[PDB]
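# Descriptive structure summary
Each chain, written out:
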Amino acid sequence: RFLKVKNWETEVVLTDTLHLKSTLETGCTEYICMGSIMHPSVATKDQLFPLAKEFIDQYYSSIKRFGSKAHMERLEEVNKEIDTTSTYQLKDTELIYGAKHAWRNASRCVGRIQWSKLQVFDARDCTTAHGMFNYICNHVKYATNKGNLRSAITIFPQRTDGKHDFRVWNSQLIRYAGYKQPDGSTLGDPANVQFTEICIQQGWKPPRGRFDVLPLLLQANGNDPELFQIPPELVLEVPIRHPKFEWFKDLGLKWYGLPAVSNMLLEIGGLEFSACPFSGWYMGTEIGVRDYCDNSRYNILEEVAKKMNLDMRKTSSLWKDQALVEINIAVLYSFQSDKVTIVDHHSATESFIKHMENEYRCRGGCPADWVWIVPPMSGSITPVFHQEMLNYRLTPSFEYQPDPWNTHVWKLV
Amino acid sequence: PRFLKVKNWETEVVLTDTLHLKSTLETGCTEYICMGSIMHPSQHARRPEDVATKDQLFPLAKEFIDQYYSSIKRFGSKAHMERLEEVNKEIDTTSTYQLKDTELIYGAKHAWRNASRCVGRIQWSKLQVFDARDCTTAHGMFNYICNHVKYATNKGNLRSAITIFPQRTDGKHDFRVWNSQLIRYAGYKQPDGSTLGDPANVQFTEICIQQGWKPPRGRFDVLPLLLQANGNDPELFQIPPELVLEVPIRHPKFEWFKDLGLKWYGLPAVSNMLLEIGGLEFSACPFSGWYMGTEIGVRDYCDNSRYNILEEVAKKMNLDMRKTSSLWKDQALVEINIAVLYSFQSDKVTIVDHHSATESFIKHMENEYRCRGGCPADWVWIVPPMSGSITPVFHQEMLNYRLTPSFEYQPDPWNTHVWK
Ligand code: HEM
Ligand code: HEM
Ligand SMILES: CNCc1cc(F)c(F)c(-c2cc(C)cc(N)n2)c1
Ligand SMILES: CNCc1cc(F)c(F)c(-c2cc(C)cc(N)n2)c1
Ligand SMILES: C[C@H](O)[C@H](O)[C@H]1CNc2nc(N)[nH]c(=O)c2N1
Ligand SMILES: C[C@H](O)[C@H](O)[C@H]1CNc2nc(N)[nH]c(=O)c2N1
Ligand SMILES: [Zn+2]
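Residues numbered from 1 in each chain as written, not as in the entry; some residues may be left out. Chains lettered and ligands numbered in written order. Heavy atoms only, no water.

Per the PDB record, this model was obtained through X-ray crystallography at a reported resolution of 2.391 Å.

Rendered as structure tokens:
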């Protein structure tokens, strides 16, 4: 069985063979499609043998050493551990191959043309929150690279019994605080209200300002998480100004420069890495459309259109649209001026289409999520809009996981 | 399964979907692979392409009559059981059956209601059905279409209408509108390599000139109708222009915009789909509503393979066009959709912007979950081609499934027509 996807802008057609090699579900059924559902739906020794065999097989295939003496020895070696220890350990090479392919298989990621240039920071020797703080700081300093961003992931000890998980309680490493006011308004980032509350509660002395960098909240080996303030000289920030509008700098906006996801789970060979913060660089619309303009978030459209003398009475004037465009010009122009790496939604999408042709050619497919790949503004004038994409889940994968405050049971009396 | 919840990540509203249990045919998806962005994911059809046997056709018929009498508080009534036997006899002697007039309107309004790709479904029960099953010629098809176009245009106060020609019989006597929409502009290939007019319609314009249409060869030449009746060679007809409402596009601020020289037509009328009810297939069924602004201004004007007027506009706006990062396409694309909306409203011609229309679809969604237990939706299609995340629907989970009666795709007839 093969499968064809079409680009209706170019008529190009690709043949996905790779979809045959996927295992866990997409959510969809034969008769219902869950392609827009955000979240649809500890392994024993016997569970873990075939998963590990799948990954070791895949690894030695990738390096044209399948069925070799070095392959068949490793297979025996992994079974020895799963028999003995009821788990096993990845070699360093495997953990780099695994982290890279988990990015490769991220169907919601438009930046995967860069996947093979991932810097893997092995942190599986870490034992304390202070250890995690150190590793993360060096990750940030490395990845930030004085505005010239580099992709990296730092991987902490895998799961054991689920009672001793390393976790980064932050959703991303660098995020701004939210505080809800007595009158009901929200200062800073309304998304991080709940997380700001935990921080404050644990010790944090908040500045109570509009762009406070949250502290890291870190859990090592299943113990109560611990607070740490990222040294400010390592948090690269960009103050947002518009090249046409002088008044724009007076909106007082900035953003962090380094997008670093820390709440997800890295699954390689049946092993789960519950704290695996990874990072790259930003696409313009992530800040300019979602962070700044979503009604749940910084929600600055009215403020901006007002300073634009826009008729904000009826919707058909497209004031919201007109203002959104200007704001993403601000974000790109601001980053570019402070020489902070960034990619606009056009450049990014054109790259992804090339990556996708490329991947269908050497790899035989590339699982994509149209609902996520298409930018959240100017959708149809980017090429991915006209690109049919097959969605399936390959492993290694990045996975969602419970929020650790809903699950953790506290030590401290 | 048992109940699937959908959720709106901007209001945390959750909706519980049971309507999907009554879904009859495949989506294209499997538990191991999602096809939600394939345009034609499936070829699962409820009956073979040609005249079907009794056990092939009756059960679909039994399915629809049963659902219709259910819809109107019967089921088991004398009129329902007499109907079931009437469809039995009628298939037992003509290999098809005929829909009562109540039955025909029910299915039509429900094919719209079930159309998961239509953001405009909140109006579904206010459809006007023109029964055209007594039709026998391309000339009759032209008369019926003409009245439709006049009723629906209503001097700019658009009304939704569908006109239903005779159901497919053995397949060789198909009725077909060969136009994709009733009113579309022409596409002319240029001797250099460029294109004049709407390049989506080049292959069609060719067939029309080839059939003897004398092309005026401009950028907004309304195309002729090519109408096929009872399997016979199709016939050209010019729609009288006093019936084709057109809006010249101007801009409320840029007075230079009127000189781009663009207009659009007011009546979106889809005429190439196949309406299916109780296993019957109405291969010709033009239907019309009113435009969402983006359709014209985002897709029609701004796709590369369409009119592609982006750079020509950005020039007049004097935009930084060296590199993408200046968002010059983004910037022009907004002015264009403001222009379109402003022109339609200034000519009192019905139109709906993307914000109003998407909000309404959220309300439709509630209405449907409250009374029906669900509402099938195609997120990929419902979200507008610009400014997605600032509209309500971008943040709303949607469940997609195939209910019958439905509107189906069908091959372009010239791929499958045996000319006379
Ligand atoms: C190098 C430049 C990168 C760019 C431009 C980029 C871009 C993006 C964007 C725009 C999204 C959508 C996220 C959202 O809107 O919430 C995304 C999702 C994602 N990216 Fe990338 N990314 C990059 C690097 C990486 C790296 C290094 C990894 C993994 C190590 C990664 C893995 C993912 C994953 C797993 C998702 C899905 C997020 C989710 O499902 O919530 N990306 N990416
Ligand atoms: C009354 C106002 C209406 C609005 C605002 C509206 C809006 C839309 C839009 C914007 C699309 C996507 C079109 C595209 O980009 O190709 C669509 C699709 C569709 N609409 Fe509606 N529509 C309306 C009326 C109707 C009516 C009267 C019918 C049938 C009686 C209908 C049936 C459909 C179908 C079947 C599709 C899918 C088209 C396809 O698959 O190619 N709509 N609608
Ligand atoms: C919870 N949604 C996931 C999510 C939220 C964000 F804010 C992000 F920034 C990214 C993201 C991640 C990477 C590695 C690069 C990039 N450009 N974006 C992903
Ligand atoms: C080929 N896809 C279908 C398609 C193409 C178009 F050009 C349209 F205009 C519409 C359409 C149809 C109706 C009834 C209302 C509306 N607002 N749009 C649909
Ligand atoms: C590949 C993708 O599914 C395809 O381009 C679809 C996406 N969604 C769409 N949505 C609408 N309304 N109209 C379209 O033509 C498309 N095209
Ligand atoms: C419900 C729907 O799946 C949800 O709104 C998704 C749509 N696509 C997205 N795409 C990106 N990149 N980010 C998002 O948060 C979302 N949200
Ligand atoms: Zn699906």
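Okay, back to it.
### Details of the overall build of chain B
Scanning chain B for helices and strands turns up 10 helices and 16 strands. Over its C-alpha trace chain B gives a radius of gyration of 23 Å, about what one expects of a compact globule, namely 22 Å for 420 residues. C-alpha extents for chain B along the principal axes are approximately 70 × 60 × 40 Å. When burial is assessed residue by residue, chain B has 57% of its 420 residues classed as buried. The long-range fraction of contacts in chain B, counting pairs at least 24 apart against all pairs at least 6 apart in sequence, stands at 67%. Taking the average place of the 48 positive charges on the side chains of chain B and the average place of its 50 negative ones, the gap between the two points comes to 3 Å. (Helix = DSSP H or I, 4+ residues; strand = E, 2+ residues; numbered from the N terminus. Rg over C-alpha atoms; globule rule 2.2 N^0.38 Å. Buried < 20%, exposed > 50% of the residue type's maximum accessible area, 1.4 Å probe, protein only. Contact = heavy atoms within 4.5 Å. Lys, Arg positive; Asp, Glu negative; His and termini not counted. Charge placed at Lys NZ, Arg CZ, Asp CG, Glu CD.)

### A few points about the sheet that holds strand β4 (residues 152-155) of chain A
Residues and elements named next belong to chain A. On the basis of which strands lie adjacent, the open sheet formed by four strands has the order β3-β4-β15-β12 and mixed pairing. A single partner strand is all that each edge strand has here, and the edge strands are β3 (119-122) and β12 (260-261). Pairing analysis gives four bridges linking β3 to β4, with the strands arranged parallel. The partner of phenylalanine 121 across the bridge, within β4, is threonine 154. (Pairing = 2+ DSSP bridges.)

### Examining the site of ligand 4
Residue and element names in this part refer to chain B. In the region of ligand 4, the neighbouring residues are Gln181, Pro268, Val270, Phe287, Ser288, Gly289, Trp290, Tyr291, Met292 and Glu295. In this structure, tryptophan 290 approaches ligand 4 through a main-chain N or O atom, which is 2.7 Å from a nitrogen atom. For ligand 4, whose accessible area on its own is 450 Å², the fraction buried by protein is 65%. (Near = heavy atom within 4 Å. Polar contact = N/O pair within 3.5 Å; in protein donor to acceptor, adjacent residues only side chain to side chain. Areas by Shrake-Rupley, 256 points an atom, 1.4 Å probe, with all protein chains shown as cover.)

### Quick notes on the side chain of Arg117(B)
With respect to the secondary-structure elements, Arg117(B) resides in the loop between α3 (101-113) and β3 (128-131). Sequence-distant contacts of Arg117(B), defined by excluding residues within four places in its chain, comprise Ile38(B), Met39(B), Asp378(B), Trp381(B), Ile382(B) and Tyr409(B).

### Some remarks on the domain arrangement of chain A
All names here are of chain A. The domains assigned to chain A are domain 1 (16-124 + 151-161 + 265-279 + 349-373), domain 2 (125-150 + 165-236 + 400-404) and domain 3 (237-259 + 282-347). A C-alpha centroid distance of 27 Å is found between domain 1 and domain 2. Taken together, the contacts link 22 residues of domain 1 with 17 residues of domain 2. Summing both partners gives a buried area of about 1600 Å² for domain 1 against domain 2, and 59% of it is carried by carbon and sulfur. Looking only at domain 1, the three residues that lose the most surface to domain 2 are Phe156, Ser274 and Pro277, adding up to 26% of its buried area. (Domains from an automatic or database assignment. Buried area = accessible area lost by both parts, 1.4 Å probe.)

### Quick word on helix α9 (residues 354-372) of chain B
Spanning 19 residues, α9(B) covers 26 Å between terminal C-alpha atoms, matching the ideal 27 Å at 1.5 Å per step. By the burial criterion, the buried members of α9(B) are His354(B), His355(B), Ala357(B), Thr358(B), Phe361(B), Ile362(B), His364(B), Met365(B), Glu368(B) and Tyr369(B). Check the buried side of α9(B) and you find it contacts α8 (319-337) of chain A together with β1 (4-8), β2 (13-17), α3, α6 (293-302) and α10 (379-382) of chain B. Sitting at the head of α9(B), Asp353(B) places a side-chain oxygen 2.9 Å from the backbone nitrogen of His355(B). Phi turns positive, to about 80°, at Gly373(B), one or two residues after α9(B). (Expected span 1.5 Å × (residues − 1).)

### Re the coordination of the zinc ion (ligand 7)
Coordination of the zinc ion (ligand 7) by the protein comes from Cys28(A) (SG), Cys33(A) (SG), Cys29(B) (SG) and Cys34(B) (SG), over a distance range of 2.2 to 2.5 Å. Because the angles between the four donor atoms bound to the zinc ion (ligand 7) fall within 96 to 119°, the donor set is best described as tetrahedral. Here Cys34(B) lies in the loop between β2 and α1 (54-71) and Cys33(A) lies in the loop between β2 (13-15) and α1 (45-62), a pairing that spans two chains. A relative accessible area of 6% places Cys33(A) in the buried class. (Donors = N, O, S within 2.8 Å, 3.2 Å for Na, K, Ca; no water. Tetrahedral: all angles 85-135°; square planar, octahedral: opposite > 155°, others 65-115°.)

### A short note on the packing of α1(A) against helix α2 (residues 69-84) of chain A
A packed helix pair is summarised by two numbers, namely the angle formed by the two axes and the spacing between the axes. Residues and elements named next belong to chain A. Look at α1 against α2: their axes get within 10 Å of each other, and the N-to-C directions meet at 160°. With respect to α2, the element α1 is oriented roughly antiparallel. Once α1 is placed against α2, the crossing between them reads as right-handed. Of α2, the residues touching α1 (which contributes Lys45, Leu48, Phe49, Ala52, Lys53, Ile56, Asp57 and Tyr60) are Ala70, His71, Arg74, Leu75, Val78, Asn79, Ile82, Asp83 and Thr84. When the residues that make up the contact of α1 with α2 are grouped by side-chain class, the tally is nine nonpolar, three polar and five charged. (Axes fitted to C-alpha atoms, helices over the stretch in contact; angles between N-to-C directions. Parallel < 35°, antiparallel > 145°, perpendicular 65-115°, else oblique. Left-handed = near helix turned anticlockwise from the far one by under 90°. Nonpolar A, V, L, I, M, F, W, Y, C, P; charged D, E, K, R; others polar.)

### Observations concerning the sheet that holds strand β18 (residues 397-399) of chain A
To summarise the sheet geometry, strands pair through backbone hydrogen bonds and adopt either a parallel or an antiparallel arrangement. Residues and elements named next belong to chain A. The sheet built from three strands is open, its strands ordered β14-β13-β18 with antiparallel pairing. Edge strands, defined here as strands with exactly one partner in the open sheet, are β14 (271-273) and β18. Strand after strand, the sheet turns through a mean of 30° between neighbouring axes, direction not considered. Bridge count between strand β13 (residues 265-268) and β18: three bridges; the pairing is antiparallel. The residue of β18 that forms the bridge with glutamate 267 is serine 397.

### Section: the site of ligand 5
Around ligand 5, the structure places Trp370(A), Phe385(A), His386(A), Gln387(A), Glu388(A), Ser37(B), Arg299(B), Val380(B) and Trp381(B). Nearby residues place ligand 5 at the junction of chains A and B. In the model, a nitrogen atom of ligand 5 is placed 3.3 Å from a nitrogen or oxygen of the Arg299(B) side chain. Contacts to ligand 5 include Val380(B), whose backbone N or O atom sits 3.3 Å from a nitrogen atom. In isolation ligand 5 exposes 390 Å². Once the protein is present, 86% of that is buried. Within the shell around ligand 5, the residues separate by chemical class into four nonpolar, three polar and two charged.

### Let's talk about the pattern of salt bridges
Taken as a whole and assessed by the stated rule, the structure comprises 43 salt bridges over all chains. For the salt bridge of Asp311(A) with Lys314(A), the shortest nitrogen-to-oxygen distance reads 3.5 Å. For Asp311(A), a relative accessible area of 27% corresponds to the partly exposed category. Here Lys62(B) ties to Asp66(B) by a salt bridge, and the two come within 2.6 Å at their closest N and O atoms. Here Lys62(B) pairs with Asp66(B), and both are found in helix α1, just four residues apart, close to one helical turn. The exposure class assigned to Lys62(B) is partly exposed, which follows from its relative accessible area of 33%. Look at the salt bridges and you will find they share partners, linking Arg74(A), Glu77(A), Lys91(A) and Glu94(A) into a network. (Salt bridge = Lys/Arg side-chain N within 4 Å of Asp/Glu carboxyl O.)

### Focus: the interface of chain A and chain B
Each partner contributes residues to the interface: chain A has 62 residues there, and chain B has 62 residues. Buried surface at the junction of chain A and chain B, summed over both partners, amounts to about 5300 Å²; 61% is from carbon and sulfur atoms. Applying the counting criterion to the chain A and chain B interface returns zero salt bridges. Inspection of the region where chain A meets chain B yields 28 residue pairs in polar contact.

### Observations regarding unusual backbone geometry
Omega for the peptide link from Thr395(A) to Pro396(A) comes to 0°, which places this bond in the cis form. Its location among the elements puts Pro396(A) in the loop between α10 (370-373) and β18. Of note, the amide linkage connecting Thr404(B) to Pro405(B) takes the cis form, showing an omega dihedral of 0°. Here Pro405(B) lies in the loop between α10 and β16 (406-408). Phi angles above zero are rare outside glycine, and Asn309(A) is one such case at about 50°. Relative to the helices and strands, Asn309(A) is located in the loop between α7 (301-306) and α8. At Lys155(B), a position not held by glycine, the phi torsion is positive, near 55°. Following the sequence through the fold, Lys155(B) ends up in the loop between α4 (138-153) and β4 (161-164).

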